[PDB]
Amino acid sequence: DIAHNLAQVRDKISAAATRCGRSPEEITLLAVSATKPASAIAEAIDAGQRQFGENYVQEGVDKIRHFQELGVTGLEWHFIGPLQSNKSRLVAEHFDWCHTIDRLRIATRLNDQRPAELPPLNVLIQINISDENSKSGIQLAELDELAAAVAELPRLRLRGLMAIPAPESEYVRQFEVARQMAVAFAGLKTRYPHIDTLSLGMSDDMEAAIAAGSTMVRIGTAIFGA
């Protein structure tokens, strides 16, 4: 039951925020609807969910067109998958957020392809904080340079950081890795304008990420099933 699962997930978010002295409103729930049908999204919308994350461009754009066509207003779509240059125009024309900026050329393409009448595309720079197997994300040492370049792109808005840590079962390591991101986020936030988003945490490490300072958790399985 999607409605029931949304309520249950929001309950555990709220508790984890309150337990570590944070307001529940500090945490945005991003419902990851990738691989799920539009009808499952429509259920979530009827249950009050408004922010959806998609991993594949054409799948996401098709859904966005579907709900725009029903005149369903007020949604926020986040592209959270790796972005190839040949699909950037579709992202730039349809999505509200992109979490996976890890090279300047893809950001400049998105900026150039973003219609001027739209709001600037909110972007996060993706950090490979702990996954030796992943091709995605930059090293932290590259952050200052990339953030500076991205920040001048007028049709993008740099909002913060994202990371997909390597899978980790120990709470202690989940926390310390998320803290590495939170420290980097805080340092960016002191010099850059409108840094307010740390996209960090999924179903299995949600509590450590929230304790560490995440502002946005990306939940799929716990809402829609795997």
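All residue numbers refer to positions in the sequence shown, first residue = 1.
Engineer: Regarding 115 to 123 and 94 to 102, which shows the higher C-alpha temperature factor on average in the entry?
Structural biologist: Mean C-alpha B-factor is greater for 115 to 123.
Engineer: For the C-alpha atoms alone, is the average B factor greater in 175 to 183 or in 62 to 70, going by the entry?
Structural biologist: The stretch with the larger mean CA B-factor is 62 to 70.
Engineer: Among 198, 30, 41, 164, which residue carries the highest C-alpha B-factor recorded in the PDB entry?
Structural biologist: Comparing C-alpha B-factors across 198, 30, 41, 164, the maximum falls on 41.
Engineer: Between 17, 212, 9, 216, let me know which has the highest C-alpha B-factor in the entry?
Structural biologist: Highest C-alpha B-factor among the listed residues goes to 9.
Engineer: Among the modelled residues of its chain, does the C-alpha B-factor of residue 47 lie in the lowest, middle or highest third?
Structural biologist: Highest third.
Engineer: Comparing against every modelled residue in the chain, figure out the third that the C-alpha B-factor of residue 160 lands in (lowest, middle or highest).
Structural biologist: It falls in the bottom third of the chain.
Engineer: What third of the chain does residue 145 rank in for C-alpha temperature factor, lowest, middle or highest?
Structural biologist: For residue 145, whose C-alpha B-factor we compare with every modelled residue in the chain, the answer is the lowest third.
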